[PDB]
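# Structure assessment
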Amino acid sequence: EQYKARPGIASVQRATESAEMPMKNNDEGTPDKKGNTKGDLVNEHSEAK
Amino acid sequence: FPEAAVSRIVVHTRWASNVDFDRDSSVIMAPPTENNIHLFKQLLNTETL
C-alpha cells in the first residue's frame with residue numbers, strides 16, 4: 001500500500017508537541033528556603049506593565 | 001472483419017477520418033487486455049499517490 005495521509009503525520013505531530021508544554025512556574029513573590037521572598041525590587045503596578 | 005480467435009469492440013473517435021480542421025479533443029481506449037485506468041483519473045485525482 002502507498003498511502004499519503006493528508007494532513008501529514010509529521011506536520012500534525014510538530015504542532016501537538018508545542019501544545020503538550022505545561023505552563024511555566026510563577027514563583028515570584030513567594031518565600032525561599034530561609035524565608036526571604038524571591039524576586040526583584042520592582043513596583044507592583046510597573047511589574048504588570 | 002478480423003480473423004482471430006477473439007475479437008472485441010473498442011471506442012476510438014475519428015479512427016478512420018480525413019478532416020480539414022482538427023477539434024483536438026479525442027477519446028481513445030486500448031484493448032481491454034491493457035490498462036485503461038488513466039482515462040478515469042483526469043479530473044480530481046490530484047491526491048492519488
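Scroll up for the structure.
Conventions and cut-offs
- Every chain here is numbered from 1 following its written sequence, a scheme that can differ from the numbering in the entry; residues without coordinates are not drawn.
- Naming scheme: in the order in which they are written, chains are lettered from A and ligands are numbered from 1.
- What is shown is a subset of a larger assembly, and the numbers refer only to that subset.
- As a rule here, side-chain values cover all heavy atoms of the structure and leave hydrogens and water aside.
- Only DSSP runs of H or I reaching four residues or more are called helices, and only runs of E reaching two or more are called strands; each is numbered from the N terminus.
- The buried label applies to any residue whose accessible area, calculated with a 1.4 Å probe on protein chains only, is under 20% of its type's maximum; exposed applies above 50%, and partly exposed to all values in between.
- Residues counted as positive are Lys and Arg, residues counted as negative are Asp and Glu, and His and the chain ends are not counted.
- Think of each charge as sitting on NZ of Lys, CZ of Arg, CG of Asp or CD of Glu.
- Whenever a carboxyl oxygen of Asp or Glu lies within 4 Å of a side-chain nitrogen of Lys or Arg, that contact is scored as a salt bridge.

Let us now look at the overall build of chain B. When helices and strands are tallied, chain B shows zero helices and zero strands. Seen through its C-alpha atoms, chain B measures out along the principal axes to roughly 45 × 35 × 10 Å. Taken over 49 residues, chain B has a buried fraction of 2%. When the 4 positive and 6 negative side-chain charges of chain B are each reduced to one mean point, those points stand 5 Å apart.

Once that is clear, we can look at unusual backbone geometry. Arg6(A) connects to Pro7(A) through a cis peptide bond whose omega is 0°. When you line up the elements, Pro7(A) lands in the segment before α1 (9–19). At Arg14(B), a residue that is not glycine, the phi angle is positive and equals roughly 55°. Phi at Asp24(B) takes a positive value of approximately 65°, unusual for a residue other than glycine. Looking at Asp24(B), the relative accessible area reads 65%, which means it is exposed.

Residues and elements named next belong to chain A. Scanning the entire structure with this criterion turns up four salt bridges over all chains. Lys38 is the salt-bridge partner of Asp27, the closest N and O atoms lying 3.6 Å from each other. Within this pair, whereas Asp27 is found in the loop between α1 and α2 (44–48), its partner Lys38 is found in the loop between α1 and α2, the two being separated by eleven residues in sequence. Overall, the relative accessible area of 36% leaves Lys38 in the partly exposed class.

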